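Engineer: Next comes the structure file work-v1.tsv, holding TSV, C-alpha atoms and all ligand atoms.
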chain	number	residue	atom	x	y	z
O	1	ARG	CA	-0.86	10.87	64.84
O	2	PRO	CA	0.32	13.15	62.02
O	3	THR	CA	-1.63	16.17	60.83
O	4	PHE	CA	-3.80	15.60	57.76
O	5	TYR	CA	-4.95	18.11	55.16
O	6	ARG	CA	-7.88	17.94	52.72
O	7	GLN	CA	-7.84	18.36	48.97
O	8	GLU	CA	-10.40	17.54	46.28
O	9	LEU	CA	-9.00	15.56	43.37
O	10	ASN	CA	-11.64	15.15	40.66
O	11	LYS	CA	-14.83	15.06	42.75
O	12	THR	CA	-12.84	13.03	45.28
O	13	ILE	CA	-11.81	14.36	48.69
O	14	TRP	CA	-8.35	13.25	49.81
O	15	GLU	CA	-7.21	13.64	53.38
O	16	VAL	CA	-3.52	12.73	53.78
O	17	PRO	CA	-0.62	13.39	56.19
O	18	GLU	CA	1.30	16.64	55.54
O	19	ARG	CA	4.40	14.65	54.58
O	20	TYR	CA	2.76	13.91	51.22
O	21	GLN	CA	2.78	16.93	48.89
O	22	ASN	CA	2.06	17.79	45.26
O	23	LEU	CA	-0.61	15.19	44.69
O	24	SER	CA	-1.63	14.80	41.07
O	25	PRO	CA	-4.12	12.19	39.64
O	26	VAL	CA	-2.67	9.34	37.57
O	27	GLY	CA	-5.64	6.96	37.39
O	28	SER	CA	-8.10	6.05	42.54
O	29	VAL	CA	-4.41	6.97	42.44
O	30	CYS	CA	-2.19	10.06	42.76
O	31	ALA	CA	1.54	10.50	42.40
O	32	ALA	CA	3.04	12.57	45.20
O	33	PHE	CA	6.29	13.45	46.85
O	34	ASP	CA	6.93	12.05	50.34
O	35	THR	CA	8.97	14.80	51.96
O	36	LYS	CA	9.86	12.54	54.87
O	37	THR	CA	11.71	9.99	52.72
O	38	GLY	CA	12.54	11.97	49.61
O	39	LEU	CA	10.69	9.37	47.56
O	40	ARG	CA	8.33	9.90	44.67
O	41	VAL	CA	5.31	7.80	45.55
O	42	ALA	CA	1.98	6.53	44.33
O	43	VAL	CA	-0.99	6.98	46.69
O	44	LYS	CA	-4.15	4.88	46.21
O	45	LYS	CA	-7.35	5.82	47.97
O	46	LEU	CA	-9.57	2.77	48.14
O	47	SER	CA	-13.04	3.15	46.66
O	48	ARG	CA	-15.78	1.96	49.06
O	49	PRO	CA	-13.46	-0.52	50.93
O	50	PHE	CA	-16.23	-1.88	53.15
O	51	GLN	CA	-19.41	-1.77	51.07
O	52	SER	CA	-19.92	-5.51	50.99
O	53	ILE	CA	-18.50	-8.71	52.41
O	54	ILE	CA	-16.69	-9.37	49.15
O	55	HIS	CA	-15.23	-5.83	49.19
O	56	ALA	CA	-14.28	-5.78	52.88
O	57	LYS	CA	-12.49	-9.14	52.48
O	58	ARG	CA	-10.85	-7.91	49.29
O	59	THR	CA	-9.51	-4.84	51.11
O	60	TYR	CA	-8.13	-7.01	53.93
O	61	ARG	CA	-6.61	-9.37	51.39
O	62	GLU	CA	-4.82	-6.59	49.52
O	63	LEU	CA	-3.47	-5.00	52.70
O	64	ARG	CA	-2.21	-8.33	54.11
O	65	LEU	CA	-0.45	-9.13	50.82
O	66	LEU	CA	1.28	-5.75	50.39
O	67	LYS	CA	2.34	-5.63	54.03
O	68	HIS	CA	4.02	-9.01	53.50
O	69	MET	CA	6.02	-8.41	50.30
O	70	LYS	CA	9.49	-7.03	51.04
O	71	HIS	CA	11.63	-7.59	47.94
O	72	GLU	CA	13.37	-5.38	45.34
O	73	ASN	CA	11.47	-6.97	42.44
O	74	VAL	CA	8.03	-6.94	44.05
O	75	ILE	CA	5.78	-4.02	44.83
O	76	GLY	CA	5.79	-3.38	48.57
O	77	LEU	CA	4.13	-1.09	51.05
O	78	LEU	CA	5.80	2.20	52.04
O	79	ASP	CA	2.87	3.35	54.14
O	80	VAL	CA	-0.82	2.81	54.85
O	81	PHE	CA	-3.04	5.29	56.67
O	82	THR	CA	-6.58	6.40	57.46
O	83	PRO	CA	-7.63	9.86	58.69
O	84	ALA	CA	-9.92	7.99	61.09
O	85	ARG	CA	-9.18	8.36	64.81
O	86	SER	CA	-10.96	5.17	65.90
O	87	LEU	CA	-12.56	1.98	64.55
O	88	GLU	CA	-16.05	3.55	64.77
O	89	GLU	CA	-14.98	6.42	62.51
O	90	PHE	CA	-12.92	4.16	60.20
O	91	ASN	CA	-14.09	4.34	56.56
O	92	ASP	CA	-11.20	5.05	54.20
O	93	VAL	CA	-7.91	3.34	53.41
O	94	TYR	CA	-4.91	4.88	51.61
O	95	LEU	CA	-1.97	2.74	50.44
O	96	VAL	CA	1.43	4.22	49.52
O	97	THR	CA	3.99	2.50	47.30
O	98	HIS	CA	7.05	3.54	45.23
O	99	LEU	CA	6.01	5.48	42.12
O	100	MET	CA	7.03	3.48	39.05
O	101	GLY	CA	7.72	5.01	35.63
O	102	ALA	CA	5.86	2.89	33.10
O	103	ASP	CA	4.77	-0.71	32.71
O	104	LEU	CA	6.58	-3.14	30.45
O	105	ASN	CA	3.57	-3.18	28.05
O	106	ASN	CA	3.59	0.60	27.54
O	107	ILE	CA	7.35	0.42	26.99
O	108	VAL	CA	8.36	-2.38	24.58
O	109	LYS	CA	5.15	-3.43	22.84
O	110	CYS	CA	5.67	-4.38	19.18
O	111	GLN	CA	9.39	-4.27	19.83
O	112	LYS	CA	12.11	-6.92	19.76
O	113	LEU	CA	14.64	-6.41	22.61
O	114	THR	CA	18.32	-7.38	22.57
O	115	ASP	CA	19.25	-10.67	24.25
O	116	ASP	CA	21.19	-9.02	27.11
O	117	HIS	CA	18.16	-6.88	27.76
O	118	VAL	CA	15.90	-9.98	27.86
O	119	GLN	CA	18.25	-11.78	30.26
O	120	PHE	CA	18.12	-8.90	32.71
O	121	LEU	CA	14.36	-8.35	32.66
O	122	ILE	CA	13.38	-12.04	32.84
O	123	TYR	CA	16.01	-12.66	35.58
O	124	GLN	CA	14.38	-9.96	37.74
O	125	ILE	CA	10.90	-11.38	37.14
O	126	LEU	CA	12.09	-14.84	38.20
O	127	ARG	CA	13.91	-13.40	41.25
O	128	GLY	CA	10.71	-11.71	42.41
O	129	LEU	CA	8.66	-14.79	41.62
O	130	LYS	CA	11.04	-17.08	43.56
O	131	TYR	CA	10.39	-14.83	46.57
O	132	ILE	CA	6.60	-14.80	46.05
O	133	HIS	CA	6.27	-18.60	45.48
O	134	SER	CA	8.45	-19.32	48.53
O	135	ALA	CA	5.63	-17.76	50.58
O	136	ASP	CA	3.11	-20.05	48.85
O	137	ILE	CA	1.62	-17.09	47.05
O	138	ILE	CA	0.58	-17.34	43.39
O	139	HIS	CA	0.47	-14.15	41.27
O	140	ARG	CA	-1.96	-15.73	38.79
O	141	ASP	CA	-2.08	-12.71	36.47
O	142	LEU	CA	1.47	-11.95	35.29
O	143	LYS	CA	1.41	-9.85	32.10
O	144	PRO	CA	3.64	-7.14	30.69
O	145	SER	CA	1.21	-4.52	32.02
O	146	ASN	CA	1.75	-5.78	35.63
O	147	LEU	CA	5.50	-5.34	35.41
O	148	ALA	CA	6.92	-1.83	36.03
O	149	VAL	CA	10.48	-0.86	35.13
O	150	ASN	CA	12.54	2.31	35.52
O	151	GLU	CA	15.33	3.78	33.38
O	152	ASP	CA	18.11	1.54	34.67
O	153	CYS	CA	15.80	-1.30	33.62
O	154	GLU	CA	14.92	-2.17	37.21
O	155	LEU	CA	11.72	-4.20	37.46
O	156	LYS	CA	8.93	-4.76	39.97
O	157	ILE	CA	6.06	-7.22	39.86
O	158	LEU	CA	2.73	-5.46	40.60
O	159	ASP	CA	-1.02	-6.11	40.79
O	160	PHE	CA	-1.34	-9.61	42.14
O	161	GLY	CA	-4.63	-11.17	40.98
O	162	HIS	CA	-11.37	-11.11	37.08
O	163	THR	CA	-14.42	-10.18	35.01
O	164	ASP	CA	-15.31	-12.97	32.56
O	165	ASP	CA	-16.23	-10.33	30.03
O	166	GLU	CA	-12.74	-8.89	30.22
O	167	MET	CA	-11.33	-12.37	29.42
O	168	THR	CA	-13.38	-12.65	26.20
O	169	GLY	CA	-12.04	-12.39	22.66
O	170	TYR	CA	-8.79	-10.92	21.33
O	171	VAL	CA	-7.50	-9.67	24.69
O	172	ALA	CA	-4.13	-9.42	26.38
O	173	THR	CA	-5.90	-10.19	29.65
O	174	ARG	CA	-5.86	-13.90	28.65
O	175	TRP	CA	-2.85	-14.32	26.28
O	176	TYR	CA	-0.38	-14.96	29.07
O	177	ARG	CA	-2.55	-17.38	31.05
O	178	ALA	CA	-1.60	-21.04	31.55
O	179	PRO	CA	-3.95	-23.36	29.69
O	180	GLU	CA	-4.94	-25.26	32.84
O	181	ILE	CA	-6.16	-22.03	34.42
O	182	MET	CA	-7.73	-20.52	31.27
O	183	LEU	CA	-10.02	-23.54	30.76
O	184	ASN	CA	-10.24	-24.50	34.46
O	185	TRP	CA	-8.64	-27.92	33.88
O	186	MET	CA	-7.70	-28.45	37.50
O	187	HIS	CA	-6.49	-27.11	40.82
O	188	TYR	CA	-3.45	-25.13	39.67
O	189	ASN	CA	-0.03	-24.52	41.14
O	190	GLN	CA	2.49	-21.73	41.18
O	191	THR	CA	3.96	-22.84	37.84
O	192	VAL	CA	0.97	-21.14	36.27
O	193	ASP	CA	3.18	-18.07	36.77
O	194	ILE	CA	6.13	-19.71	34.96
O	195	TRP	CA	3.95	-20.35	31.90
O	196	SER	CA	3.23	-16.59	32.00
O	197	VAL	CA	6.92	-15.84	32.21
O	198	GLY	CA	7.57	-17.97	29.10
O	199	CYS	CA	4.91	-16.08	27.17
O	200	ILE	CA	6.48	-12.78	28.26
O	201	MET	CA	10.05	-13.89	27.52
O	202	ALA	CA	9.13	-15.02	23.99
O	203	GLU	CA	7.42	-11.69	23.31
O	204	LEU	CA	10.49	-9.74	24.44
O	205	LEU	CA	12.62	-11.84	22.09
O	206	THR	CA	10.38	-11.54	19.06
O	207	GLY	CA	8.49	-8.33	19.57
O	208	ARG	CA	5.36	-10.47	19.03
O	209	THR	CA	2.60	-11.89	21.30
O	210	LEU	CA	3.23	-15.67	21.65
O	211	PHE	CA	-0.40	-16.88	21.76
O	212	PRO	CA	-2.66	-13.98	20.63
O	213	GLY	CA	-5.84	-16.08	20.56
O	214	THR	CA	-9.09	-14.48	19.30
O	215	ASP	CA	-10.93	-16.38	22.06
O	216	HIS	CA	-10.30	-19.22	24.58
O	217	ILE	CA	-10.45	-22.08	22.05
O	218	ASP	CA	-8.44	-20.32	19.31
O	219	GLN	CA	-5.80	-19.65	22.00
O	220	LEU	CA	-5.74	-23.31	23.09
O	221	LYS	CA	-5.11	-24.28	19.44
O	222	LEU	CA	-2.21	-21.83	19.15
O	223	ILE	CA	-0.76	-23.32	22.31
O	224	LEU	CA	-1.19	-27.03	21.39
O	225	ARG	CA	0.28	-26.35	17.95
O	226	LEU	CA	3.50	-25.27	19.67
O	227	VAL	CA	3.73	-27.57	22.65
O	228	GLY	CA	1.85	-30.57	21.23
O	229	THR	CA	-1.47	-32.12	22.23
O	230	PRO	CA	-1.62	-33.70	25.70
O	231	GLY	CA	-0.56	-37.29	26.22
O	232	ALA	CA	-2.30	-39.92	28.37
O	233	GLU	CA	-0.42	-38.88	31.48
O	234	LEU	CA	-1.63	-35.26	31.46
O	235	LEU	CA	-5.15	-36.20	30.31
O	236	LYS	CA	-5.68	-38.08	33.60
O	237	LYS	CA	-4.84	-34.98	35.62
O	238	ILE	CA	-7.62	-32.97	34.00
O	239	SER	CA	-10.38	-33.31	36.57
O	240	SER	CA	-12.99	-31.92	34.18
O	241	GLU	CA	-14.57	-34.77	32.26
O	242	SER	CA	-16.01	-32.35	29.72
O	243	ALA	CA	-12.69	-30.51	29.30
O	244	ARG	CA	-10.84	-33.84	29.14
O	245	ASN	CA	-13.44	-34.97	26.62
O	246	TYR	CA	-13.05	-31.82	24.46
O	247	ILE	CA	-9.26	-32.24	24.45
O	248	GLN	CA	-9.66	-35.75	23.06
O	249	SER	CA	-11.70	-34.55	20.09
O	250	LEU	CA	-8.61	-32.73	18.80
O	251	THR	CA	-6.29	-34.13	16.14
O	252	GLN	CA	-3.04	-35.07	17.83
O	253	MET	CA	-0.04	-32.84	17.15
O	254	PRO	CA	3.64	-33.26	18.06
O	255	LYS	CA	5.59	-30.53	19.88
O	256	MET	CA	7.29	-28.15	17.40
O	257	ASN	CA	11.05	-27.50	17.24
O	258	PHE	CA	11.55	-24.27	19.30
O	259	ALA	CA	14.80	-23.34	17.48
O	260	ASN	CA	12.71	-23.19	14.29
O	261	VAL	CA	10.12	-20.95	16.03
O	262	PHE	CA	12.41	-18.45	17.74
O	263	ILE	CA	14.78	-18.15	14.79
O	264	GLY	CA	18.17	-16.74	15.62
O	265	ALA	CA	17.57	-16.60	19.37
O	266	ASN	CA	20.27	-17.44	21.88
O	267	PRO	CA	20.23	-21.29	22.14
O	268	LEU	CA	20.16	-20.91	25.92
O	269	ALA	CA	16.98	-18.77	25.67
O	270	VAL	CA	15.39	-21.38	23.43
O	271	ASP	CA	16.26	-24.12	25.94
O	272	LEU	CA	14.77	-22.17	28.89
O	273	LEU	CA	11.63	-21.45	26.83
O	274	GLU	CA	11.07	-25.18	26.25
O	275	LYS	CA	11.37	-25.78	29.99
O	276	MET	CA	8.89	-23.04	30.93
O	277	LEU	CA	6.32	-23.77	28.17
O	278	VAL	CA	5.55	-27.35	29.14
O	279	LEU	CA	1.87	-28.24	28.95
O	280	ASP	CA	1.92	-30.43	32.09
O	281	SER	CA	2.37	-27.98	34.96
O	282	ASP	CA	3.95	-30.72	37.11
O	283	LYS	CA	6.89	-30.70	34.71
O	284	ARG	CA	7.54	-26.98	34.18
O	285	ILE	CA	10.79	-25.58	35.55
O	286	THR	CA	10.25	-23.66	38.85
O	287	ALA	CA	11.49	-20.09	39.48
O	288	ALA	CA	14.36	-21.32	41.71
O	289	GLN	CA	15.48	-23.91	39.14
O	290	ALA	CA	15.25	-21.26	36.35
O	291	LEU	CA	17.48	-18.76	38.17
O	292	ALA	CA	20.17	-21.46	38.10
O	293	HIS	CA	19.81	-21.96	34.31
O	294	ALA	CA	22.90	-21.07	32.25
O	295	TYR	CA	20.95	-18.34	30.42
O	296	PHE	CA	21.37	-16.13	33.53
O	297	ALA	CA	25.01	-16.96	34.32
O	298	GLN	CA	25.78	-13.28	34.00
O	299	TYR	CA	23.33	-12.30	36.78
O	300	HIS	CA	22.76	-15.37	38.90
O	301	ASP	CA	23.90	-15.13	42.50
O	302	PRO	CA	22.46	-17.80	44.90
O	303	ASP	CA	23.40	-15.52	47.82
O	304	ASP	CA	21.38	-12.62	46.45
O	305	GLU	CA	18.03	-14.30	45.61
O	306	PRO	CA	16.17	-14.28	48.94
O	307	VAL	CA	13.03	-16.12	49.94
O	308	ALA	CA	10.03	-14.78	51.89
O	309	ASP	CA	8.91	-15.42	55.46
O	310	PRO	CA	5.83	-17.72	55.70
O	311	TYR	CA	2.52	-16.14	54.66
O	312	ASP	CA	-0.56	-17.21	56.65
O	313	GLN	CA	-3.61	-17.00	54.41
O	314	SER	CA	-5.98	-19.15	56.46
O	315	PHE	CA	-8.29	-16.10	56.40
O	316	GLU	CA	-9.22	-16.96	52.79
O	317	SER	CA	-11.21	-19.87	54.20
O	318	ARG	CA	-13.21	-17.64	56.59
O	319	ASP	CA	-16.70	-16.21	56.24
O	320	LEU	CA	-16.90	-13.12	58.46
O	321	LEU	CA	-19.24	-10.13	58.62
O	322	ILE	CA	-18.29	-6.75	57.14
O	323	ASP	CA	-17.61	-5.33	60.60
O	324	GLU	CA	-15.22	-8.21	61.33
O	325	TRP	CA	-13.25	-7.83	58.09
O	326	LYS	CA	-13.27	-4.09	58.76
O	327	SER	CA	-11.89	-4.53	62.27
O	328	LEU	CA	-9.15	-6.92	61.04
O	329	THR	CA	-8.28	-4.38	58.32
O	330	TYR	CA	-8.03	-1.59	60.95
O	331	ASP	CA	-5.66	-3.67	63.06
O	332	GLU	CA	-3.43	-4.15	60.03
O	333	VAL	CA	-3.50	-0.41	59.39
O	334	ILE	CA	-2.47	0.65	62.91
O	335	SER	CA	0.09	-2.11	63.42
O	336	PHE	CA	1.90	-1.07	60.22
O	337	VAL	CA	5.61	-0.45	60.61
O	338	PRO	CA	7.46	1.34	57.78
O	339	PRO	CA	10.49	-0.22	56.07
O	340	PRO	CA	13.97	1.16	56.81
O	401	LIG	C1	-2.67	7.44	30.65
O	401	LIG	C2	-2.91	7.58	32.17
O	401	LIG	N1	-1.65	7.87	32.89
O	401	LIG	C3	-1.72	9.21	33.53
O	401	LIG	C4	-0.59	10.13	33.05
O	401	LIG	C5	-1.41	6.80	33.88
O	401	LIG	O1	-0.09	6.25	33.74
O	401	LIG	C6	0.67	5.85	34.83
O	401	LIG	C7	0.19	5.96	36.18
O	401	LIG	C8	1.00	5.55	37.25
O	401	LIG	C9	2.31	5.01	36.99
O	401	LIG	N2	3.19	4.57	38.07
O	401	LIG	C10	2.77	3.79	39.21
O	401	LIG	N3	3.71	3.37	40.14
O	401	LIG	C11	3.33	2.64	41.19
O	401	LIG	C12	1.93	2.28	41.37
O	401	LIG	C13	1.01	2.77	40.33
O	401	LIG	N4	1.46	3.50	39.29
O	401	LIG	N5	-0.37	2.48	40.43
O	401	LIG	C14	-1.31	2.96	39.38
O	401	LIG	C15	-0.92	1.70	41.54
O	401	LIG	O2	-2.14	1.44	41.65
O	401	LIG	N6	0.04	1.23	42.57
O	401	LIG	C16	-0.43	0.52	43.70
O	401	LIG	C17	-0.62	-0.93	43.70
O	401	LIG	CL1	-0.27	-1.88	42.30
O	401	LIG	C18	-1.10	-1.57	44.87
O	401	LIG	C19	-1.40	-0.80	46.05
O	401	LIG	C20	-1.22	0.61	46.07
O	401	LIG	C21	-0.74	1.29	44.92
O	401	LIG	CL2	-0.52	3.02	44.97
O	401	LIG	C22	1.45	1.53	42.46
O	401	LIG	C23	2.80	4.89	35.64
O	401	LIG	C24	1.98	5.31	34.56
Would you encode the structure as structure tokens?
Structural biologist:
Amino acid sequence: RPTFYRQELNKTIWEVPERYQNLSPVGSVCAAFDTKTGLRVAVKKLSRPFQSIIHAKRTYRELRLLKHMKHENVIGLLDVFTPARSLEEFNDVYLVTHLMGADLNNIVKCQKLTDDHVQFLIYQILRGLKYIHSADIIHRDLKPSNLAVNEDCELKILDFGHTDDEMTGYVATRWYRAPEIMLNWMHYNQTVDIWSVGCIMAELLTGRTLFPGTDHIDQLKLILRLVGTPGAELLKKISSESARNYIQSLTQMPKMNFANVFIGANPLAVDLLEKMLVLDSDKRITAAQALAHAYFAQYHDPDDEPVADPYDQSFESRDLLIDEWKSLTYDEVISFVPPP
């Protein structure tokens, strides 16, 4: 058990192992320097981790997820600790990850990137996503602000999956969401993430948001105008009779010519975009198939695009008491083993 020291950071008391020095607030979260590894890190102190069933299960969920992800393009766990000496005294949870420079959103917003630049960034997103999906995990909330990238243009996927108010109106919180998930059309798959990737890729190519809807319905119109209104085949997969019914009230529209939308773009980028932005999620290209697309010929290496070990999330189906979620969380904290 290391030695911990106390420090108040904005009306917040932090108690962390001596190895972590020079803590400074960044959002709760502090950047620090881990003298044991020589790594600049981000330290998050969870706010009231076990105040309710929903919160206790959320804490367990986040810890299980982070402990599982071990990939260069996905945020992983460097350390997790509690100053608590036993389960009875257990109340706080601190999570340590690599400190990232800035998110994609804060970096290239309103800016058109070069094609080589787009290839590299999207390739890394797809490499991370192939790893995540292989574990049967769905990000569900990919957006430029959940993608961090350093100077060398190295990228990590962060913040896996929301307040209905924050999804209302002209907001980036909904612009990258697959239509089937935005309007709850059905039980969704992992290709919801691919739709997100297409929205991101287009924005990097044009410097412009692909479907900046002013609300849910305006966004659906922007989408259908580009990809076309649904055909009979997809209509049947929409479990919601009301949703299905609303869809049918719309004037039919054919899919637009993508080369005429992304004018001047690499023809290979245009082709991949058409394969990612397919309305019927059963037909979208998967992350693994995309990595093999000729657009990434310059980066693709089948021997350097690993998959994840199986991820047991049967716990999502369980209804336990706070003390039970708390005890499971504690076990995950003490059984933690740092990466090499
Ligand atoms: C205008 C306000 N400024 C202050 C100057 C804030 O700007 C920042 C603040 C931090 C960073 N880098 C940064 N790298 C890694 C993480 C992270 N922030 N954050 C915030 C987390 O929460 N991380 C995290 C997750 Cl996603 C899961 C579990 C544990 C952690 Cl620590 C990682 C970049 C810009």
Engineer: May I have the residues within 7 Å of stretch 182-187 of chain O as a PyMOL selection string, using only C-alpha atoms and disregarding those fewer than 4 positions away in the same chain?
Structural biologist: chain O and resi 177-178+238-240+243
Engineer: Select all residues near (-3.4, -35.8, 16.2) (cut-off 12 Å, inclusive, file coordinates), counting all atoms listed in the file, and output them as a VMD selection string.
Structural biologist: chain O and resid 224 to 225 228 to 231 247 to 255
Engineer: Using all atoms listed in the file, which of the listed residues (O:40, O:85, O:98, O:64) sits closest to ligand LIG 401 (chain O)?
Structural biologist: O:98
Engineer: May I ask which of the residues O:195, O:160, O:325, O:246 is the closest one to ligand LIG 401 (chain O), counting only C-alpha atoms and all ligand atoms?
Structural biologist: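 Smallest distance to ligand LIG 401 (chain O) is found for O:160.
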Engineer: Within 7 Å of residue O:15, counting all atoms listed in the file, which residues qualify if same-chain residues fewer than 6 places away don't, as number ranges by chain?
Structural biologist: O: 4-7, 83
Engineer: Rounded to one decimal in Å, what is the spacing between atom CA of residue O:333 and atom CA of residue O:11?
Structural biologist: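 We find that atom CA of residue O:333 and atom CA of residue O:11 lie 25.4 Å from each other.
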Engineer: Extending 8 Å beyond the listed atoms of stretch 20-34 of chain O on each side, what axis-aligned box results? I want centre and edge lengths in Å to one decimal, as JSON.
Structural biologist:
{"center_x": -0.6, "center_y": 11.9, "center_z": 44.3, "size_x": 31.0, "size_y": 27.7, "size_z": 29.8}
Engineer: Which one is closest to ligand LIG 401 (chain O): O:119, O:260, O:106, O:12? Count all atoms listed in the file.
Structural biologist: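 So, comparing all the options, the nearest one is O:106.
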Engineer: Counting all atoms listed in the file, which of O:82, O:173, O:313, O:266 gets nearest to residue O:114?
Structural biologist: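 So, comparing all the options, the nearest one is O:266.
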Engineer: Would you pick out the contacts of residue O:168 at 12 Å or less, using all atoms listed in the file, so that residues sharing its chain but fewer than 6 positions from it are not included, and give the list as a PDB file with C-alpha atoms, keeping the file's coordinate frame?
Structural biologist:
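Final output, selection-v3.pdb:
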ATOM      1  CA  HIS O 162     -11.370 -11.110  37.080  1.00  0.00           C
ATOM      2  CA  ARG O 174      -5.860 -13.900  28.650  1.00  0.00           C
ATOM      3  CA  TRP O 175      -2.850 -14.320  26.280  1.00  0.00           C
ATOM      4  CA  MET O 182      -7.730 -20.520  31.270  1.00  0.00           C
ATOM      5  CA  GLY O 213      -5.840 -16.080  20.560  1.00  0.00           C
ATOM      6  CA  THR O 214      -9.090 -14.480  19.300  1.00  0.00           C
ATOM      7  CA  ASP O 215     -10.930 -16.380  22.060  1.00  0.00           C
ATOM      8  CA  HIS O 216     -10.300 -19.220  24.580  1.00  0.00           C
ATOM      9  CA  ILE O 217     -10.450 -22.080  22.050  1.00  0.00           C
ATOM     10  CA  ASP O 218      -8.440 -20.320  19.310  1.00  0.00           C
ATOM     11  CA  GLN O 219      -5.800 -19.650  22.000  1.00  0.00           C
TER      12      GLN O 219
END
Engineer: 7 Å from ligand LIG 401 (chain O) is the threshold here; counting all atoms listed in the file, which polymer residues fall inside it? Answer as a PDB file with C-alpha atoms, in the coordinates of the input.
Structural biologist:
ATOM      1  CA  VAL O  26      -2.670   9.340  37.570  1.00  0.00           C
ATOM      2  CA  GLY O  27      -5.640   6.960  37.390  1.00  0.00           C
ATOM      3  CA  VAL O  29      -4.410   6.970  42.440  1.00  0.00           C
ATOM      4  CA  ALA O  42       1.980   6.530  44.330  1.00  0.00           C
ATOM      5  CA  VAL O  43      -0.990   6.980  46.690  1.00  0.00           C
ATOM      6  CA  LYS O  44      -4.150   4.880  46.210  1.00  0.00           C
ATOM      7  CA  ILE O  75       5.780  -4.020  44.830  1.00  0.00           C
ATOM      8  CA  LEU O  95      -1.970   2.740  50.440  1.00  0.00           C
ATOM      9  CA  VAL O  96       1.430   4.220  49.520  1.00  0.00           C
ATOM     10  CA  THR O  97       3.990   2.500  47.300  1.00  0.00           C
ATOM     11  CA  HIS O  98       7.050   3.540  45.230  1.00  0.00           C
ATOM     12  CA  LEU O  99       6.010   5.480  42.120  1.00  0.00           C
ATOM     13  CA  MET O 100       7.030   3.480  39.050  1.00  0.00           C
ATOM     14  CA  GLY O 101       7.720   5.010  35.630  1.00  0.00           C
ATOM     15  CA  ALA O 102       5.860   2.890  33.100  1.00  0.00           C
ATOM     16  CA  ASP O 103       4.770  -0.710  32.710  1.00  0.00           C
ATOM     17  CA  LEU O 158       2.730  -5.460  40.600  1.00  0.00           C
ATOM     18  CA  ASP O 159      -1.020  -6.110  40.790  1.00  0.00           C
TER      19      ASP O 159
END
Engineer: At what distance in Å, to one decimal, does atom CA of residue O:150 lie from atom CA of residue O:201?
Structural biologist: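 Pair atom CA of residue O:201 / atom CA of residue O:150 returns 18.2 Å.
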Engineer: Could you state the separation of atom CA of residue O:279 and atom CA of residue O:294 in Å, given to one decimal place?
Structural biologist: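 Separation between atom CA of residue O:279 and atom CA of residue O:294: 22.5 Å.
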Engineer: Please determine, counting only C-alpha atoms, which residue among O:67, O:104, O:293, O:335 has the shortest atom-to-atom distance to residue O:151.
Structural biologist: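 Selected residue with least distance to residue O:151: O:104.
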Engineer: At a cut-off of 12 Å around the point (-9.5, -9.8, 50.3) (file coordinates), what residues fall inside when counting all atoms listed in the file? I'd like the answer as a PyMOL selection string.
Structural biologist: chain O and resi 49-50+52-66+160-161+313-320+322+325-326+328-329
Engineer: Looking at O:105, O:86, O:124, O:191, which one is nearest to residue O:136, with distances taken over all atoms listed in the file?
Structural biologist: O:191
Engineer: Find the residues near residue O:138: any atom within 12 Å, counting all atoms listed in the file, skip ones fewer than 3 places away on the same chain, and give them as a count of residues only.
Structural biologist: 25
